Asks: 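Mind looking over this structure? Questions follow.
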Protein chains: 2
Amino acid sequence: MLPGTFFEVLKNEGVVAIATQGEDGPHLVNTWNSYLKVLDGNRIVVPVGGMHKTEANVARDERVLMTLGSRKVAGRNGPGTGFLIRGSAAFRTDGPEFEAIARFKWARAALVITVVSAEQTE
Amino acid sequence: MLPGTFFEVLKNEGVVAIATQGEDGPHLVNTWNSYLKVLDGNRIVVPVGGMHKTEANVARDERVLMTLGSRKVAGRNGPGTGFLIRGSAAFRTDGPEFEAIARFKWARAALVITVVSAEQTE
Ligand SMILES: Cc1cc2nc3c(=O)[nH]c(=O)nc-3n(C[C@H](O)[C@H](O)[C@H](O)COP(=O)(O)O)c2cc1C
Ligand SMILES: Cc1cc2nc3c(=O)[nH]c(=O)nc-3n(C[C@H](O)[C@H](O)[C@H](O)COP(=O)(O)O)c2cc1C
């Protein structure tokens, strides 16, 4: 499951980055630390407004990478830390995963990331 | 050259993300908003400590993507904004580009991104 420090980062606002495999190279989109909803410590839910290219990419290769951090949380060499998350992505338009982000009216779906690994990179 | 709102984002701390193309798939690493230096309005310089897999990917394909933002800066439709930057990357161990981040004594090199396009995505 995700470590306590990961949740500490989530107590602070920040920019989350999500990389996927495009056909002409990688693609990169974002979300906010404050938007992420974690289910039972091993699945991360992201509210999807756009992410059309991203969804197309996931349909071809479900592997995704996600990073996030906060200068307000202690890392391993002083103030500031973050994580590199590797996992498989899936889009849902119903179910408890969607309900987790349904609060966001502009959300057309939920991007569900099943975490395989989490590395504190700083 | 880079827009006004982009430079505003740079004055607030945050997590910058850099995506590259790996032989296996995409790769994603980070730096801090406060570490970025812009030279001549179209070249973003990043202090490199690690970024080894990143450097290897750039050697195979110089095209990279960078995202960054801040909740403290006015967005298109509300508080909070960010950008998707597309450009070509090069690692420098000397020259004015390296000197641009020499302040960081731990920097083994400078990752210079010559911006092709910048898009306010939020
Ligand atoms: C700081 C920041 C936060 C964002 N948060 C979201 C979000 O929660 N949901 C979303 O669909 N797009 C969000 N976006 C926009 C995406 O990054 C992306 O530009 C957009 O969804 C289009 O995705 P696509 O390029 O995969 O089609 C955000 C952008 C920024 C800069
Ligand atoms: C919030 C945050 C900021 C980071 N800033 C830097 C940085 O300025 N320079 C750097 O070389 N690595 C930085 N890292 C570590 C990189 O993201 C990456 O893990 C490391 O350089 C190894 O790169 P590689 O996976 O390409 O080999 C940061 C990590 C986090 C979570």
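Start at 1 and go down the list; that is how both ligands and their atoms are numbered. Chain A is the first sequence line, chain B the second, and so forth, proteins listed ahead of strands; every chain is numbered from 1.
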Asks: Answer yes or no: is there a donor N or O on one side and an acceptor on the other, between the side chain of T81(A) and the main chain of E122(A), under 3.5 Å?
Replies: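 Here the side-chain-to-backbone pair exists.
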Asks: Check whether any side-chain heavy atom of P47(B) sits under 4.5 Å from a side-chain heavy atom of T31(B), and report yes or no.
Replies: yes
Asks: Does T54(A) have any side-chain hydrogen bond (donor to acceptor under 3.5 Å, both in side chains) partners at least two apart in sequence or in another chain, and if so, which?
Replies: none
Asks: Going by the rule side-chain hydrogen bond (donor to acceptor under 3.5 Å, both in side chains), which residues pair with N42(A) if we only count those two or more places apart in sequence or in a different chain?
Replies: none
Asks: Pick out the protein N or O atoms lying less than 3.5 Å from any N or O of ligand 2, and list each pair with its distance.
Replies:
residue	atom	partner	partner atom	Å
ligand 2	5 (N)	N30(B)	O	3.2
ligand 2	8 (O)	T31(B)	OG1	2.9
ligand 2	9 (N)	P47(B)	O	3.1
ligand 2	11 (O)	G49(B)	N	2.6
ligand 2	11 (O)	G50(B)	N	2.9
ligand 2	14 (N)	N30(B)	O	3.3
ligand 2	17 (O)	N30(B)	N	2.8
ligand 2	21 (O)	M51(B)	N	2.8
ligand 2	23 (O)	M51(B)	N	3.0
ligand 2	25 (O)	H27(B)	NE2	2.8
ligand 2	26 (O)	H27(B)	NE2	3.3
ligand 2	26 (O)	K53(B)	N	3.4
ligand 2	26 (O)	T54(B)	N	2.9
ligand 2	26 (O)	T54(B)	OG1	2.7
ligand 2	27 (O)	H52(B)	N	2.9
ligand 2	27 (O)	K53(B)	N	2.9

Asks: Please name all residues satisfying ring pair (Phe, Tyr, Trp, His ring centres under 6.0 Å) with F104(A), sequence neighbours left out, ordered by chain then number.
Replies: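 Per chain and number, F104(A) pairs via ring pair (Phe, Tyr, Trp, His ring centres under 6.0 Å) with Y35(A), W106(A).
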Asks: Tell me the closest heavy-atom pair linking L28(A) and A17(A), and the distance in Å.
Replies: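 That closest heavy-atom pairing would be CD1-CB, 4.0 Å.
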